[PDB]
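Basis: the model, the stated rules and, where named, an outside source; none is laboratory data. Here the Cβ positions follow ideal geometry from the backbone for every residue, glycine too, while neighbour counts run over all protein chains shown.
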Number of protein chains: 2
Amino acid sequence: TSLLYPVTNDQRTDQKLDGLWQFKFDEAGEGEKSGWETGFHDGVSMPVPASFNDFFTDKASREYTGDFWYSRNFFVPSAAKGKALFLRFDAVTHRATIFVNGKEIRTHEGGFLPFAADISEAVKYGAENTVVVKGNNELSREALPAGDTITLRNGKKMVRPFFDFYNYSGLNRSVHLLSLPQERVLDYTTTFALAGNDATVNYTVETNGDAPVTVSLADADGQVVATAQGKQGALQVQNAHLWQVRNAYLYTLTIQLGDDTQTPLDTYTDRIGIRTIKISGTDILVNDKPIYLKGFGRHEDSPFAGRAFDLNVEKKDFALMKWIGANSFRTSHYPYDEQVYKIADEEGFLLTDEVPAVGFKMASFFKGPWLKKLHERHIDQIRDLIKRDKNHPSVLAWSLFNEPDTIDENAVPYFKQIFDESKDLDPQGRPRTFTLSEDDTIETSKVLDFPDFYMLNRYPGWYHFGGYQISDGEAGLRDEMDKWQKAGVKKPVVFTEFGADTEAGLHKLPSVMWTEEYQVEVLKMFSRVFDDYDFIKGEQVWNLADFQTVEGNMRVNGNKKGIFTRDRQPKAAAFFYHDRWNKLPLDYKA
Amino acid sequence: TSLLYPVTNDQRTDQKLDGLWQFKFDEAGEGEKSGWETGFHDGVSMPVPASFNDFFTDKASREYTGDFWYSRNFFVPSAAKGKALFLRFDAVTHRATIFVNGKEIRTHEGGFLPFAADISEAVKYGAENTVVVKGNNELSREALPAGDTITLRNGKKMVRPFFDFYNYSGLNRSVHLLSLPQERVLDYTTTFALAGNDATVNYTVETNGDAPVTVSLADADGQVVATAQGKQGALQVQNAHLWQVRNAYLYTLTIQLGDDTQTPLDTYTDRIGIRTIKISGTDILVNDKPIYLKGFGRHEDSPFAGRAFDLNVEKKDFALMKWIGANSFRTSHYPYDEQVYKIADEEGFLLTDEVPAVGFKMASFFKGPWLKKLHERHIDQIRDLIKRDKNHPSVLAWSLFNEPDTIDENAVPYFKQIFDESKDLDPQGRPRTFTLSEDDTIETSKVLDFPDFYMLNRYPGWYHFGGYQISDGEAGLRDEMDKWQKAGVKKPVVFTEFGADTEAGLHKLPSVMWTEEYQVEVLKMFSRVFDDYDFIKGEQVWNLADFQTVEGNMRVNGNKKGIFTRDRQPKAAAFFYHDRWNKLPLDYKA
């Protein structure tokens, strides 16, 4: 109903409820029958935001699957009586029921997009109030991301995902207490055109009343350069400062409700970048010039917060990605905290925004009774993502699956439907795509007509033709690249996963898989291939940093394909890209 | 024809040709047409003994598969004219042709057992002579150990084994220049009986003439305690000092040819231990008392020599195995250098001697036209092994396969034949057995009647039910142990592989697979299981030290299941067994 990010001004308040909540596991499912929805203080303290998994010393807790409970007291100011009061949850992984003062307010499905609860009539204005969250982190084939939940021979419930990353759960992002006007901005949209040194922002504004609307754009020094009235309109910016890759310029948009006579009813402000995105045959055009993508390959994963957003790690990840010459990254495999995009906007990065449609395949999948509810939740999370991130200059494209099983002819109805129901959601109409796994190739894939450009996941030299065989793996990759070229490929091709697990410190001459030298050798190979084909317009290596993963005999304490360690220091492969990427211009191959 | 270890006395000489030979690859197979059999000096220097693989910086050399050539000059003393002259090769992996002064003398199949070439008429007595060895290290399903050789798309030949260890090749063990008498000892045998404080060594002596034979046994201080004449006889030792586990006592045996009147024609001396080995239902009896096996789990693998025997590593491996409380180990997966057994004899360890019958199964095998030649070489290498190691007190049992595919009913003819053709080779008639892989279980194995005791390879908690699932893996292992107990198991059971890859330095609380803590957790689990069943009479963990392996995405620079690092320092699991094994008496479970 509204996913606008909270702001602070005279009409809107926003106060974080971050800190130490109370926490309890509910393996039995008795929490509500036990009166826990009224709040409790007999559990363990738990940080918010943060995944709860890594704070326990026992594996039974770290792996817990089922119903878990967060509880906190908070204060509702007297001054807030009469406004629309909201608890906004930035992410509750994966399922939530919200209670205030013991009263059930709302539920939510999906653990990586924000939701808000209207608590206007459930609080005592001027006193302490209680908020309790009943979360669940089970997996099934009916929810994103896809997986199964099993019971061990000893009764305990355990998750077995269809994806790589670990099942980090809980209150993974901030909780806001909001005060909004009764008549307020709900949504707005931006699209851009260029003409000479002039540009045109084309906006619209969604409201829940009939009061007049007034939009104004100011430059980075605060000077106003365009005004307009009405819920639709066009701002004319003379001699505009365009938003450029690794060279951002952000204008401030200000939406204001109310006619020239009354007290202002609502103010909303955001920062936009004036730039356009077109797929012209086989080029990716930003502001009508061709670009070349270089980057990662990312996860929201840190030692102490787990899946939860941590601003220190994020600014550090960004410091590194600029140092290394990169200009893009894909939010694999789920929407990130909204701060990630604002930094991307300020730093002129291009993001591929991915919905958690991962694990749609087994080691078939589109041939099961789970699709019907799965699809409900899939296209709903697509809608919420595009509604949340629409206005960011830095979002280049939407990714609607990661490694779905496109070999089966039954994937084709489902893709048909997903791609029709998302056709007209993004006002900028940016390209919609998805990643093709190693098994989904020009020869074998059945959904190659759908994407606006191709995103390829290939692992020669790691999952196939490892070691001394790498040369045959390079030859096979060029085989497939020859067949794309033969098939007269007209859309762009971007490599979005490739690489090699590497244990920082393992050295060998000559190399063996898992050493720092082999990783450089593998990345050099992929580079040689990428440079001999013109439809290839981007390299996004997997992965930026070592991230945590389910336990397995192939997981040396998590994934290790990262250019940097989980602590964000470089492996030797860091310096290879630092050399290569800072020498490829932004228009490489044009 | 004779595999006796060389000795030095007035009838027999023995001089090592170890050092730097010349070396060349022969990818083309032109070496003989090019005159290389006459010796060469235009190649690269290569140590002997040692695997050649790890001395090259390029992967193409390290991985080379095909014909390779060793060349050396050596001096034949004038004084040796008239004796039987021999080049004895302790191991040439895997195939050899021997040339002396350009003349082809002999070939050999099998890369882990010694062979001798009679060069009595191919040398110039009193000058320098040339020895050239043409080796090959290809694999096929017709040779032990089993594997395949492939060609890459670029022409290069590459091995793909059916086993784990790396294909270390070349002159992996010493080369001796021998001077033997014209009439000489070829073989001898020992068997033992006990009666009160007295014992009886029952010997026989194989000779290539009719001259009289004279055998005498002396104690550790050099006192003679028994003499006998004739090629068969029985030495009566009063108040014998028995050879005890971790408590050896070795008598010196001296065989002498010639009657009381002539100059001695030949002397041969060896050290034996007076002890007996019986499988009594479900007990393993050494000297009629029950023992409990604890140990490894070994390879001949070191950083600088590769597969080649290195006495420093061997004494260090033995220092550690005594420190840790162990008393046994299995020479997986091939006969070791003969020095390993002499140290075992001096340290009172019990060895399971294994022939390189590994890889008899694919990821079927006994259903192929390769068995006929495979079996030729299999039973021949069995014959050579038992002939070489017969007389060691420390060899407890023979292992005739490692992880053969016993699920197919076609394995049964081949086992039938192998087990009949080895029935009467070991004079002591020690137990013959083999290892059963994870897939070969009480439910599924078709060769359970053959072995004299059962050797089990089980990997719960690693290749199955890893991580948080370990509890279900423990339950499944007890399932199988319950079904053995149900089936009324009458032969002993020994666990001979189990464990977990562990990267020294990886710590986590709670644990994850690959950390030092998880390894201890896994080893504790297996211990709990072993202690609840009486037919279980031994634990040999895999592995003693991290050893090198083929490149693969599951091989973090070789195998890592070792209790010690490849440099022979302890991981945390070292101290767990140091505690446990030094508290289990030698008669645990009796």
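Hey, any hits in the range A:36-49 for a residue that's within 14 Å of another protein chain (Cβ to nearest Cβ), hydroxyl-bearing (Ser, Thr, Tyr) and surrounded by fewer than 18 Cβ atoms within 10 Å (Cβ to Cβ)?
no
Given the criterion crowded, with 19+ Cβ neighbours inside 10 Å and not in a helix (DSSP H, G or I), identify the matching residue among A:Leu448, A:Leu396, A:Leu477, A:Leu425.
After applying the criteria, what remains is A:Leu396.
Give the range B:321-331 a look and list any residue that's in a helix (DSSP H, G or I) and either of a type in the set (S, T, N, Q) or surrounded by fewer than 20 Cβ atoms within 10 Å (Cβ to Cβ) (or both), or say none.
Taking the range B:321-331 and keeping what is in a helix (DSSP H, G or I), we get B:321-323.
B:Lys322, B:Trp323 - these are the residues of the range B:321-331 that are in a helix (DSSP H, G or I) and either of a type in the set (S, T, N, Q) or surrounded by fewer than 20 Cβ atoms within 10 Å (Cβ to Cβ) (or both).
Using the structure shown, decide if A:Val185 is more than 30 Å from B:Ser471 (Cβ to Cβ), under 29 Å from the mean Cα position of the chain (by Cα) and buried (at least 21 other Cβ atoms within 10 Å of the Cβ).
On the way: more than 30 Å from B:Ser471 (Cβ to Cβ): yes; under 29 Å from the mean Cα position of the chain (by Cα): yes; buried (at least 21 other Cβ atoms within 10 Å of the Cβ): yes.
Yes.
Being of a type in the set (A, V, I, L, M, F, W, C) and out of contact with any strand residue (DSSP E or B) (no Cβ under 6 Å at 6 or more places or on another chain) is the filter here, so list the residues in the range B:550-573 that pass it.
Filtering the range B:550-573 for residues of a type in the set (A, V, I, L, M, F, W, C) gives B:550, B:554, B:556, B:563-564, B:572-573.
Hits for the range B:550-573 are B:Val550, B:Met554, B:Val556, B:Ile563, B:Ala572, B:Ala573.
Of the residues that sit in the range B:547-578 and are more than 14 Å from chain A (Cβ to nearest Cβ) and basic (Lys, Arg), which one is farthest from B:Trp462 (Cα to Cα)?
B:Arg568
Would you pick out the residues in the range B:124-148 that are under 11 Å from B:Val100 (Cα atoms) and not in a strand (DSSP E or B)?
Of everything in the range B:124-148, just one residue is under 11 Å from B:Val100 (Cα atoms) and not in a strand (DSSP E or B), namely B:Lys124.
Would you be able to say whether some residue in the range A:485-493 is outside any helix (DSSP H, G or I) and within 13 Å of chain B (Cβ to nearest Cβ)?
no
Would you mind telling me which numbered condition in (1) loosely packed, with under 15 Cβ neighbours inside 10 Å; (2) on the phi > 0 side of the Ramachandran plot; (3) small (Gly, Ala, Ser) A:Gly66 fails?
Going through (1) loosely packed, with under 15 Cβ neighbours inside 10 Å; (2) on the phi > 0 side of the Ramachandran plot; (3) small (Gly, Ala, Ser) one by one, A:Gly66 breaks only (1).
Is there a residue being charged (D, E, K, R) and touching a strand residue (DSSP E or B) at 6+ places or on another chain (Cβ under 7 Å) anywhere in the range B:359-378?
Within the range B:359-378, one or more residues are charged (D, E, K, R) and touching a strand residue (DSSP E or B) at 6+ places or on another chain (Cβ under 7 Å).
Within the range A:149-172, is there a residue that is among the acidic types (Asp, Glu), within 14 Å of chain B (Cβ to nearest Cβ) and in a strand (DSSP E or B)?
Within the range A:149-172, not a single residue is among the acidic types (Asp, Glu), within 14 Å of chain B (Cβ to nearest Cβ) and in a strand (DSSP E or B).
Can you confirm whether the range B:487-506 contains a residue that is polar (S, T, N, Q) and either buried (at least 23 other Cβ atoms within 10 Å of the Cβ) or at positive phi (or both)?
Yes, the range B:487-506 contains at least one residue that is polar (S, T, N, Q) and either buried (at least 23 other Cβ atoms within 10 Å of the Cβ) or at positive phi (or both).
Mind checking whether some residue in the range B:248-265 is out of contact with any strand residue (DSSP E or B) (no Cβ under 6 Å at 6 or more places or on another chain), closer than 30 Å to B:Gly295 by Cβ and of a type in the set (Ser, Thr, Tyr)?
yes
Kindly list the number of the only condition in (1) in contact with a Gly (Cβ under 7 Å, 6 or more places away or on another chain); (2) over 18 Å from B:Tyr468 (Cβ atoms); (3) of a type outside the set (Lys, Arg) that fails for B:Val522.
(2)
Suppose the filter is closer than 23 Å to B:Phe329 by Cα, in contact with a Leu (Cβ under 9 Å, 6 or more places away or on another chain), within 11 Å of another protein chain (Cβ to nearest Cβ) and of a type in the set (A, V, I, L, M, F, W, C); does B:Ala500 pass it?
So B:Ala500 fits the description; yes.
Scan the range A:4-17 for residues that are in contact with a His (Cβ under 9 Å, 6 or more places away or on another chain) and not in a strand (DSSP E or B) and jot them down.
A:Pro6, A:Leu17
Quick one: A:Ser527 ticks every box in (1) assigned to a helix (DSSP H, G or I); (2) small (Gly, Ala, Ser); (3) out of contact with any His (no Cβ under 8 Å at 6 or more places or on another chain); (4) within 14 Å of chain B (Cβ to nearest Cβ) bar one, so which box is it?
(4)
Out of B:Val512, B:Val522, I need the residue that is within 14 Å of another protein chain (Cβ to nearest Cβ), crowded, with 24+ Cβ neighbours inside 10 Å and not in a helix (DSSP H, G or I). Which one?
Of B:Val512, B:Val522, the one residue that is within 14 Å of another protein chain (Cβ to nearest Cβ), crowded, with 24+ Cβ neighbours inside 10 Å and not in a helix (DSSP H, G or I) is B:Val512.
Looking only at the range A:336-379, which residues are assigned to a helix (DSSP H, G or I) and closer than 22 Å to A:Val175 by Cα? Let's see the steps before the verdict.
Filtering the range A:336-379 down to residues assigned to a helix (DSSP H, G or I) leaves A:338-347, A:371-379.
Residues satisfying the conditions are A:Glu338, A:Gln339, A:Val340, A:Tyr341, A:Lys342, A:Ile343.
Within the range B:60-74, is there a residue that is in contact with a helix residue (DSSP H, G or I) (Cβ under 7 Å, 6 or more places away or on another chain) and within 14 Å of chain A (Cβ to nearest Cβ)?
There is at least one residue in the range B:60-74 that is in contact with a helix residue (DSSP H, G or I) (Cβ under 7 Å, 6 or more places away or on another chain) and within 14 Å of chain A (Cβ to nearest Cβ).
Residues that are surrounded by fewer than 23 Cβ atoms within 10 Å (Cβ to Cβ) and within 14 Å of chain A (Cβ to nearest Cβ): does the range B:362-377 have at least one?
No - not one qualifying residue is present in the range B:362-377.
Among the residues of the range A:149-208, what is the count of those that are on the phi > 0 side of the Ramachandran plot and assigned by CATH to the domain that holds A:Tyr64?
Residues flagged as on the phi > 0 side of the Ramachandran plot and assigned by CATH to the domain that holds A:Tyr64 within the range A:149-208 amount to 2.
Out of all the residues in the range A:533-546, is one or more under 26 Å from A:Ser399 (Cα atoms), outside any helix (DSSP H, G or I) and within 13 Å of chain B (Cβ to nearest Cβ)?
Checking the range A:533-546: at least one residue is under 26 Å from A:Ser399 (Cα atoms), outside any helix (DSSP H, G or I) and within 13 Å of chain B (Cβ to nearest Cβ).
Within the range B:226-306, which strands (runs of 3 or more DSSP E) (wholly inside it) include 3 or more residues that are surrounded by fewer than 16 Cβ atoms within 10 Å (Cβ to Cβ) and outside the structural domain of B:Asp389 (by CATH)?
The strands (runs of 3 or more DSSP E) meeting that bar are B:232-237.
Can you pull out the residues in the range A:472-484 that are more than 26 Å from A:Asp449 (Cα to Cα) and more than 7 Å from chain B (Cβ to nearest Cβ)?
A:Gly473, A:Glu474
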